[PDB]
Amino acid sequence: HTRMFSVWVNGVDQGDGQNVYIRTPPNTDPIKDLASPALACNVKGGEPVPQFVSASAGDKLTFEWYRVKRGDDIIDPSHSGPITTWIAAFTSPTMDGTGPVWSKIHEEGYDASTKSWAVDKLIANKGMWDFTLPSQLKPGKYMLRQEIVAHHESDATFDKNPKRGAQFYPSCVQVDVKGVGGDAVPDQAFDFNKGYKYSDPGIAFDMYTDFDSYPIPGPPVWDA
């Protein structure tokens, strides 16, 4: 359980973004069903919010998360897993992020040399998660998606045992990307409902074994 409070642009807080520029779900509940339409942008994913974070291609964005209250424990430390960030063109206001539209722009999984997960790091940095908007990115409106996945019950899959399974916590953010050049259009066209499967070693993952590493689902980070 966790959701986003706000976005920071080059370390400057843009202010409470819930129902402003963040497509904030009603609560912190996990998505577990891979066929759910909510997988991409959570339960209110298709409802426009009125504002776009203003950022430049190349900027460092920070997404700030919380649990119940801004600046709390952020997420239960039981919930180890990766954090992935994605981008999609903002096709129209009532997009819900379903279909083949997404390109992965950042990922952290398991760092074996420290034996910490992306979520461990999220907690130690008090819910601040940093990534870069690619500088080659063609200016325009986009949806940014950041997703926490908790694997404390991923030793079962949801299809076999509905009371268990990987828990997905996606957050979709409206961004208006100011240009500086950049010609590059995200073109992985990844589709969470088709592309995430129960057979995925990164989804069917047992964290109660002597594993040395973790295969993060979906394609490698996009380049061009």
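Start at 1 and count along the sequence shown; that's the residue number.
A summary of the deposited B-factors shows that, of 8-16 and 208-216, the stretch with the larger mean C-alpha value is 208-216. Between 58-66 and 41-49, the higher mean Cα B-factor belongs to 41-49.
Which of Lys104, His152, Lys121, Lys138 has the largest Cα B-factor in the deposited entry comes down to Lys138. When the modelled residues of the chain are ordered by C-alpha B-factor, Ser116 sits in the middle third.
When all modelled residues of the chain are sorted by CA temperature factor, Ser199 is found within the lowest third. In the deposited entry, the Cα temperature factor of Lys178 sits in the top third of values across the chain's modelled residues.
Among the modelled residues of the chain, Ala189 sits in the lowest third by CA temperature factor in this PDB entry. Among all modelled residues in this chain, the alpha-carbon of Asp73 has a temperature factor (C-alpha) in the middle third.
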